[PDB]
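Coordinate-derived values only; no laboratory data. A quick note on method: Cβ atoms are made from the backbone with ideal geometry, for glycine too, and the neighbour counts reach across all protein chains shown.
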Amino acid sequence: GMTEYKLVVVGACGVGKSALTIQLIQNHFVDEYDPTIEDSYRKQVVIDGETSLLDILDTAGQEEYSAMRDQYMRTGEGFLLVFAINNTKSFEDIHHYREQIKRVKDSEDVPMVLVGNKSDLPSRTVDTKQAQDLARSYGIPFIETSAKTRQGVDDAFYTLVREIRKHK
Ligand SMILES: *CCC(=O)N1CCN2c3ncnc4cc(-c5c(C)ccc6n[nH]cc56)c(Cl)c(c34)OCC[C@H]2C1
Ligand SMILES: Nc1nc2c(ncn2[C@@H]2O[C@H](COP(=O)(O)OP(=O)(O)O)[C@@H](O)[C@H]2O)c(=O)[nH]1
Ligand SMILES: [Mg+2]
């Protein structure tokens, strides 16, 4: 019946991949979620008045290449590129995450959203403009989020489904 989209949440350790996903699915903020737990969650959502089944993979584990990570990138239809706005290293790591998805999908136009997480925190080291300029250069949306307050959480995932729908 309804369309199903495979979403993948990527980004450096500690940016809030797990916190963002569990806020979307279960409507609470996790303070300390085990960094090895990689699991997928299913949720029906209405976006722009059309229902879709989202199947969301929250990535975890070691800094390693694997043919299996290549696989869930290959099956993934859209990617959240998550950094934390208080962690410049996580922002500098976005290039790596995009390159490895671009490697396995052989496209610079795969549906993606840049997510600047932890927007509730005062000591920002990455400004709106620097993230907007990065997303513009990539040809993707930028969304500021807080897993803690829920600000922008739905918008990040919904915006990615909007990007997958335009793609064909
Ligand atoms: C605190 C744990 C955690 O969340 N992470 C640390 C290990 N990660 C990680 N580190 C470096 N490079 C990663 C690359 C990929 C990757 C992509 C994006 C695409 C295809 C592919 N094929 N082999 C690896 C990859 C992934 Cl999937 C990583 C990477 O995931 C593990 C979680 C990530 C963050
Ligand atoms: N203040 C704040 N802390 C967050 C936010 N998102 C995640 N955290 C915290 O940052 C840490 C890492 O989050 P986690 O979701 O485990 O990161 P992951 O390794 O990307 O899954 C945890 O302590 C979270 O509670 C956020 O939006 N705001
Ligand atoms: Mg996690």
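Here is how the numbers come out for the structure above:
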{"quantity": "Net dipole in debye of the chain [+1 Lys, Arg Cβ; -1 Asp, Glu Cβ; about Cα centre; nearest 20]", "calculated": "340"}
{"quantity": "Residues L134, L24, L53, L114 arranged by fewest to most Cβ contacts within 10 Å", "calculated": "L53, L134, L24, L114"}
{"quantity": "Stretch gain in nm, segment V45-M2, where the contour uses 0.36 nm per residue and the Cα spacing is subtracted", "calculated": "14.4 nm"}
{"quantity": "Taking the chain and dividing mean pair separation by its residue count, relative contact order in percent (alpha carbons under 8 Å, at least six apart)", "calculated": "26"}
{"quantity": "Helix-only mean residue ellipticity at 222 nm for the chain, each DSSP H run of n ≥ 4 adding -39500 (n - 2.57), per residue, nearest 500", "calculated": "-10500 deg cm²/dmol"}
{"quantity": "Diffusion coefficient, µm² s⁻¹, Stokes-Einstein with Kirkwood Rh over alpha-carbon pairs of the chain at 20 °C and 1.002 mPa s", "calculated": "135"}
{"quantity": "Neighbour-count ranking [beta-carbon atoms within 10 angstrom, fewest first] of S137, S18", "calculated": "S137, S18"}
{"quantity": "Sequence-distant residues sharing a close amide H with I47 (under 5 Å, placed H)", "calculated": "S52"}
{"quantity": "Over region 117-168, relative contact order from alpha-carbon pairs under 8 Å, at least 6 apart, %", "calculated": "33"}
{"quantity": "Neighbour-count ranking [beta-carbon atoms within 10 angstrom, fewest first] of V46, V8", "calculated": "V46, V8"}
